[PDB]
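Accompanying notes for the structure given below.
So basically every Cβ, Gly included, is an ideal-geometry build from the backbone, and we count neighbours across all protein chains shown. No value in this document is a laboratory result; all are computed from the given coordinates.
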Amino acid sequence: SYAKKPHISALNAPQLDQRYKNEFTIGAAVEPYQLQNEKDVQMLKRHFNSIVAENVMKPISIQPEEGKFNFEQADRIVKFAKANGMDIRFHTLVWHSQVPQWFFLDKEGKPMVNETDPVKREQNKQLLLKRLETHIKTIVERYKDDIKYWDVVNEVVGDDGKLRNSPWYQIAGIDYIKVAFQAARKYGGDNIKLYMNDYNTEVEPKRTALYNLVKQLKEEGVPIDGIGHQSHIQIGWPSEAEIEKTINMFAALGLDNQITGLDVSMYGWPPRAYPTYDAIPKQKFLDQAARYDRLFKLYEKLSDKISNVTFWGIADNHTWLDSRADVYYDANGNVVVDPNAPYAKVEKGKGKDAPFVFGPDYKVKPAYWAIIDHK
Ligand SMILES: O[C@@H]1[C@@H](O)[C@H](O[C@@H]2CO[C@@H](O[C@@H]3CO[C@@H](O[C@@H]4CO[C@@H](O[C@@H]5CO[C@@H](O[C@@H]6CO[C@H](F)[C@H](O)[C@H]6O)[C@H](O)[C@H]5O)[C@H](O)[C@H]4O)[C@H](O)[C@H]3O)[C@H](O)[C@H]2O)OC[C@H]1O
Ligand SMILES: [Cl-]
Ligand SMILES: [Cl-]
Ligand SMILES: [Zn+2]
Ligand SMILES: [Zn+2]
Ligand SMILES: [Zn+2]
Ligand SMILES: [Zn+2]
Ligand SMILES: [Zn+2]
Ligand SMILES: [Zn+2]
């Protein structure tokens with residue numbers, strides 16, 4: 001965990017996946033352009049044995065208009081993974097975000113959610129569910145021999161512990177979830193593994209709502225193999241005790257657990273970010289390293305219940321958390337990072353987070369030494 005350990009290039013550092021290879025795979029979320037970047041390619045080859053698409057396998061990326069399938073970008077990630085012996089996760093077959101609006105239009109082009117006639121509403125449910133099945137069918141028929149792990153549905157439970165009231169749910173009810181898993185199993189066969197993915201899986205009432213939902217679906221024969229824990233977490237939240245309780249709870253149902261989008265933000269919520277990487281104080285990296293130390297000790301403790309830990313990026317020079325890195329300024333134009341201190345204006349998404357164990361110059365951080373060691 002030491003800060004005495006040097007800030008060496010990650011391309012010269014002990015391989016992260018090999019450190020954990022008997023405990024769980026180590027994955028990274030990627031964009032196709034990173035496969036054209038020499039340093040990113042070297043990082044993926046050196047440290048990772050699992051891969052996921054950050055964006056190009058989402059519904060709107062794959063079928064942006066009905067009947068128009070763009071597999072070109074996804075294919076490049078699959079090809080790279082196969083050439084390098086990496087597991088692949090598919091993110092994601094169903095989601096209320098980055099989803100093409102044509103799914104939810106009726107035969108006359110009007111939003112299905114507005115329909116008041118119950119017979120027309122039922123017709124729209126069957127149309128939506130058929131479109132859903134065709135989307136999944138086309139994708140799974142192409143990739144079933146190459147992609148082992150599938151985020152079949154993403155974020156289907158609300159933070160209020162109710163089912164998320166997305167158009168999927170408004171139009172089709174709970175059946176859209178059942179149909180999605182049944183279609184994946186039907187066209188993909190018994191060897192692909194099917195996951196329900198979500199964030200804040202550690203937090204009540206969402207955690208028990210997710211638990212009750214998967215328990216009921218499995219009792220009804222819906223094929224669900226595991227839970228994907230996005231794990232978009234902070235230095236001091238959620239607690240390791242609550243993470244452990246979450247993983248055990250779902251393992252008790254016979255479910256695999258995967259950590260699918262891990263990042264450890266430097267900030268709280270809503271974040272008050274530093275404007276640049278250079279401005280983040282050294283102590284934050286030490287606090288982060290201690291958190292990573294405890295976190296991966298717990299993952300190892302629970303390794304018989306976790307098959308994969310995937311980071312939502314490669315190195316600190318690229319992370320979706322920067323889109324959340326709001327910079328607060330006081331009246332004198334000085335940066336404000338104290339979560340309830342006075343401020344005058346905010347520059348949304350203009351700051352810099354630092355969530356990984358590899359820095360933006362591809363050199364290892366204190367968090368790397370904290371999880372590569374055996375203490
Ligand atoms: O390129 C981009 C892609 O990378 C991107 O991918 C998507 C990113 O992730 C997934 O979608 C995201 C997941 O994260 C959700 O945000 C959640 C919202 O809830 C917050 O929870 C609060 C946290 O703070 C707690 O308070 C604590 C209490 O304890 C201590 F006192 C702390 O000091 C406090 O801070 C609150 O109690 C919590 O409620 C989470 O922090 C926050 O992370 C997003 O809403 C969701 O959209 C997708 O799967 C993935 O595809 O997609 C976009 C593309 O451009
Ligand atoms: Cl991003
Ligand atoms: Cl640096
Ligand atoms: Zn390797
Ligand atoms: Zn996913
Ligand atoms: Zn700089
Ligand atoms: Zn990105
Ligand atoms: Zn550096
Ligand atoms: Zn350690």
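Restricting attention to the range 44-56, the residues that are over 14 Å from residue 78 (Cβ atoms) and within 11 Å of ligand 4 (Cβ to nearest atom) total 5.
Applying the criterion of being in contact (Cβ under 8 Å) with a residue 24 or more places away in the chain, out of contact with any strand residue (DSSP E or B) (no Cβ under 6 Å at 6 or more places or on another chain) and among the polar types (S, T, N, Q) to the residues of the range 84-124, the residue that is nearest to residue 155 (Cα to Cα) is 97.
Report yes if some residue within the range 80-100 is of a type in the set (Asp, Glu), surrounded by fewer than 12 Cβ atoms within 10 Å (Cβ to Cβ) and either away from ligand 2 (no atom under 16 Å from the Cβ) or farther than 22 Å from residue 137 by Cα (or both); otherwise report no. Please lay out each step first, then the result.
Applying the first criterion (of a type in the set (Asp, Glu)) to the range 80-100 yields 87.
Next cut, surrounded by fewer than 12 Cβ atoms within 10 Å (Cβ to Cβ) only: none.
Scanning the range 80-100 turns up no residue that is of a type in the set (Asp, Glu), surrounded by fewer than 12 Cβ atoms within 10 Å (Cβ to Cβ) and either away from ligand 2 (no atom under 16 Å from the Cβ) or farther than 22 Å from residue 137 by Cα (or both).
Would you mind finding the one in 297, 352, 375 that is buried (at least 21 other Cβ atoms within 10 Å of the Cβ) and either assigned to a loop (DSSP other than H, G, I, E, B) or away from ligand 4 (no atom under 16 Å from the Cβ) (or both)? The unique qualifying residue is 352. Suppose we filter the range 1-20 for residues that are in contact (Cβ under 8 Å) with a residue 24 or more places away in the chain and in a helix (DSSP H, G or I); how many remain? Going through the range 1-20 one residue at a time, the tally reaches 5. Residues that are buried (at least 19 other Cβ atoms within 10 Å of the Cβ) and among the hydroxyl-bearing types (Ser, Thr, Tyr) were ranked within the range 230-287; the one that is farthest from residue 328 (Cα to Cα) is 246.
Of the helices (runs of 4 or more DSSP H) lying entirely inside the range 28-96, the ones with 1 or more residues being within 16 Å of ligand 3 (Cβ to nearest atom) and closer than 25 Å to residue 356 by Cα are found at 38-47. Within the range 300-334, the residues that satisfy the criterion of being farther than 29 Å from residue 9 by Cα and part of a loop (DSSP other than H, G, I, E, B) are 302, 326, 330, 331, 332, 333, 334.
Residue count for the range 15-60 under the criterion of being under 16 Å from the mean Cα position of the chain (by Cα) and of a type outside the set (A, V, I, L, M, F, W, C): the result is 8.
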